[PDB]
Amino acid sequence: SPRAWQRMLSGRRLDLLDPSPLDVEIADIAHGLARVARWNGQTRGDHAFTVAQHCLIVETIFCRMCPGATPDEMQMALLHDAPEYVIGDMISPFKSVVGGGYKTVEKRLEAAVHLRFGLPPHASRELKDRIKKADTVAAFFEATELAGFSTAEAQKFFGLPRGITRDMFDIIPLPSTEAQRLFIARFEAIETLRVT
């Protein structure tokens, strides 16, 4: 039989094509994101550079680029790649190749994750733009520091960062256990700011 859901280590499961927010838990997300690699694993270092670590850098960069950000926006930045815990990581060039299809699932997973945590199902276009810019800045530094791209390649593909420098975050690839711990800790810190 074709598989319709992803079982989680915690016992929960999420329907792949019509995910329910009520099946989403941050422990499940953090576990997976701390083991899923960016850049197809083509990165310098004994440990893969994980999606969880990418999320941490993105949220950090987002806050530096957007000093007026609200806690809800910070959480949307941290959780932007959360759907990868069920759909996996695919490099951007293939996102333009996949069917519609895959993109529909990705959008549904975003809504499920957001709704779970009392966030708008989708970021506004303006907020999406801010988070995407932070993502692309992170990509520039990962591409050059970790994934073997020249500065010329990274500038072409990602653009030259505007006012963000590599000393504003930590890019050395973390082991899964540490990435997981740090991801949950930041999520919990932002949750605390949100009620406030």
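Start at 1 and count along the sequence shown; that's the residue number.
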property: Of 11 to 19 and 178 to 186, the one with larger mean CA B-factor; result: 11 to 19
property: Segment of higher mean CA temperature factor, 99 to 107 or 78 to 86; result: 99 to 107
property: Member of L160, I57, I26, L146 with the greatest C-alpha B factor (per the PDB record); result: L160
property: Residue with maximal Cα B-factor (values as given in the PDB entry) among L127, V51, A30, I171; result: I171
property: Chain thirds of CA B-factor: placement of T43; result: lowest
property: B-factor third for the C-alpha atom of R35 within its chain; result: lowest
property: Chain-wide C-alpha B factor ranking for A138, given as lowest, middle or highest third; result: lowest
property: Ranked against its chain, the third holding the CA B-factor of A154; result: middle
property: Assigned third (lowest, middle, highest) for the C-alpha B factor of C63; result: middle
